[PDB]
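Listed below are the residues making up each chain.
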Amino acid sequence: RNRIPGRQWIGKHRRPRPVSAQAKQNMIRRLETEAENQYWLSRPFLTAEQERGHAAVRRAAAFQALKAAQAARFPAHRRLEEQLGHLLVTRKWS
Amino acid sequence: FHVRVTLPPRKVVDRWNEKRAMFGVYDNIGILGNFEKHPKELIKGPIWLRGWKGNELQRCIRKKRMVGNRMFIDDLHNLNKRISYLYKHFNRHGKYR
Amino acid sequence: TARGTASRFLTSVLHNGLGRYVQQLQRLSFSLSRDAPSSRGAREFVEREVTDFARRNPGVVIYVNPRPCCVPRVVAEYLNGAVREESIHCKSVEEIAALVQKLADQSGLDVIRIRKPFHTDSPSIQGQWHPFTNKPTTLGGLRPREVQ
Amino acid sequence: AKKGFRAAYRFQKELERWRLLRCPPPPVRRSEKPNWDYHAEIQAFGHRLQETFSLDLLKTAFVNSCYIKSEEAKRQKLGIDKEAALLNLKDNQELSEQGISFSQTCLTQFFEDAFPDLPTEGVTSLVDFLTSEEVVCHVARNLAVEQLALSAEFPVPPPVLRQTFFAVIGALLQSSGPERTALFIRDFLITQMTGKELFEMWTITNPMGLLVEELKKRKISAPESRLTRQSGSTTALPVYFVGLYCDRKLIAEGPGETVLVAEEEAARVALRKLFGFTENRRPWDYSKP
């Protein structure tokens, strides 16, 4: 006897749904977490000047690793043991 | 999907009969034979198919060129229709244009 | 599906494992083929493993028949009276050895969905709840409305 | 006309399964089936229970008078000369008697030492229950004693299987001292008593009179039936709890559908405490000295 014209949550008339005390709790909890976040995000150990190139040694080597990893790709060695090993199918017990 | 209730007679094949035992006997004829007769000559079959290959269209058009005028009216006609169908199906249809 | 099959509660045969463990596998009978390829794995297991397996499991009898047969099978038989069939057909030696080692340590009780993980007797030690257990007693066992 | 051999042949297996379903096969001796070596079985039997038998005595143990009588029937009707070497077979009679006597002696000592408060009739009935046709038949069946027994009529009727089983015991008593056979009996017999109640195997139908007798014997005066809790008296499903009082102390209490059944139950409980068979009693010891 009460309708919600169209689709429930979409159009220019929607279902009225109210905010609840639970939802307020959750929102505030999450805020408090963020506040504490930016407090700890505020104070760097090194300055911007001090941190220049502080590892350029490692970051070159990481990339050398990433390169070598690909350089290593070739079709694998094929060995005698497999081709002749296949002959073991006909093995006779006599 | 009703299946056989009675066992068949076990088929005895002697693989040592003349045909299977002689199989592939003259195959190397050219090489071991100081090449004179080439292995194509070992082929016993339809007169337009010997030592030659092709997909369905080539088979049909080949047969029509070689043995065509010795054909019966009906198989000749069906040969013409088949050549037509295969022709426009290979040329005008497919996924890979 | 669990509504398709039967079920059993968790069980031991003859209260096994209480007094002593009695290994439940009784006889083990292989049938291989000396000539045919599908029995290849079954052959090697007979050469290398069967000796050491028999030494390790004094209780189980092991029968081994080469016969003109196309699908190598091993038939386990249990102290329970249960019989279990396997095909060792076209398997490696490590695979035969593994399978036989699975057969060795099973009860022979059927593999079917077990209803609850534990079988208890006398679960109830010190008491078992009944509706009156926690209610207070009154004077002269009088009802709620009664007069004496 | 080139068929599946795989098809027809595979269907042959189904056809056989259906034959086995509509006519159940009569049970056949494992000795008559394809894989059998009797000496290997005998040796293995002993090896898997960790017992030392002179194989002579064990072979003696599985021989029954029935097997001998049938062997003589065949020796007479086929004109075959058997008698001497067949009379040398030495049936299990002596071994079975040794077995039962020492077995009952053993159990009786076990219960006597475990539950000091049981009356003569009690240890009598318990022993009678562990040695009962049913229980021994069961345990014997599961140890593959039925399979290894030589007798006519392969289903091997219970009175046979029992003899056969105790024959093994006597045979152990010869090879190993009473100390070893003690452990065996307490392992494969006493365990059958796990979970079962006292008056389940007593069958005594007069709980009240027996309770009064035991209380008189204990110099305890007056068992008094008193009604503790009851839910619904007018319902098709009433519930009663009768307590039993000896000098204002509550000796036991029980549930029921009527006042009578409740009395009986409280009596059972009292009897259980007095005699010592209770849910709280220590589980049976297992240790190997």
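- This deposited entry lists cryo-EM as its structure determination method and 3.40 Å as its resolution.

### Structural notes on a nonpolar patch on the surface
All names here are of chain B.
- On the surface, a nonpolar cluster with roughly 470 Å² of combined accessible area is contributed by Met22, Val25, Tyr26, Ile29 and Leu42.
- Relative to the elements of secondary structure, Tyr26 occurs in the loop between α1 (18-21) and α2 (29-32).
- Judged by relative accessible area, which is 58%, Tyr26 ranks as exposed.

### Some details on the side chain of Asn92(D)
Residues and elements named next belong to chain D.
- With respect to the helices and strands, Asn92 occurs in the loop between α5 (83-87) and α6 (93-114).
- For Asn92, a relative accessible area of 4% gives the class buried.
- Of the polar contacts made by the side chain of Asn92, one reaches the backbone oxygen of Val63; its length is 3.4 Å.
- When neighbours within four sequence positions are excluded, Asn92 is seen to be in contact with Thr60, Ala61, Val63, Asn64, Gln163, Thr164 and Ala167.

### What about the interface of chain D and chain B?
- Between chain D and chain B, the contact holds eight residues from the first and nine residues from the second.
- Summed over both sides, the interface of chain D with chain B buries roughly 780 Å², with 73% coming from carbon and sulfur.
- Counting across the interface, chain D meets chain B through zero salt bridges.
- Applying the counting criterion to the chain D and chain B interface returns zero residue pairs in polar contact.
- Considered class by class, the residues forming the side of chain D that touches chain B number five nonpolar, one polar and two charged.

Thresholds, definitions, all that
- The residue numbers shown here are sequential, starting from 1 for each chain in the order of its written sequence. They can differ from the numbering used in the entry, and residues that have no coordinates are not displayed.
- Each chain is given a letter, starting from A, and each ligand a number, starting from 1, according to the order in which they appear as written.
- For clarity, the chains displayed are a part of a larger assembly, and the values are limited to that part.
- To get the side-chain values, take all heavy atoms of the structure and skip hydrogens and water.
- Distance thresholds for patches are 9 Å for like charges and 5 Å for nonpolar side chains (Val, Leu, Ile, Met, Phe, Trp, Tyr), applied to residues having over 30% relative accessible area and no salt bridge.
- What sets the accessible areas is the Shrake-Rupley method with a 1.4 Å probe; for residues, cover comes only from the shown protein chains.
- In the sections that follow, a salt bridge refers to a side-chain nitrogen of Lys or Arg positioned within 4 Å of a carboxyl oxygen of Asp or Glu.
- A run of H or I in DSSP counts as a helix once it spans at least four residues, and a run of E counts as a strand once it spans at least two, with each numbered from the N terminus.
- The cut-offs for exposure are 20% and 50% of the maximum accessible area for each residue type, with area from a 1.4 Å probe on protein chains only; residues under the lower value are buried, those over the upper are exposed, and the others partly exposed.
- In protein, a polar contact means a hydrogen-donor-capable atom and an acceptor-capable atom, both N or O and within 3.5 Å, with residues adjacent in sequence counting only if both atoms are side-chain atoms; elsewhere, any N or O pair within 3.5 Å suffices.
- Residues count as neighbours in contact if any of their non-hydrogen atoms are within 4.5 Å of one another.
- Buried area is understood as the total, over both parts, of accessible area removed when two parts are fitted together, assessed with a 1.4 Å probe.
- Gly is put with the polar residues, along with every residue not named as nonpolar or charged; the nonpolar set is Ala, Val, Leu, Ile, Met, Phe, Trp, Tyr, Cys and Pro, and the charged set is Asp, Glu, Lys and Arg.

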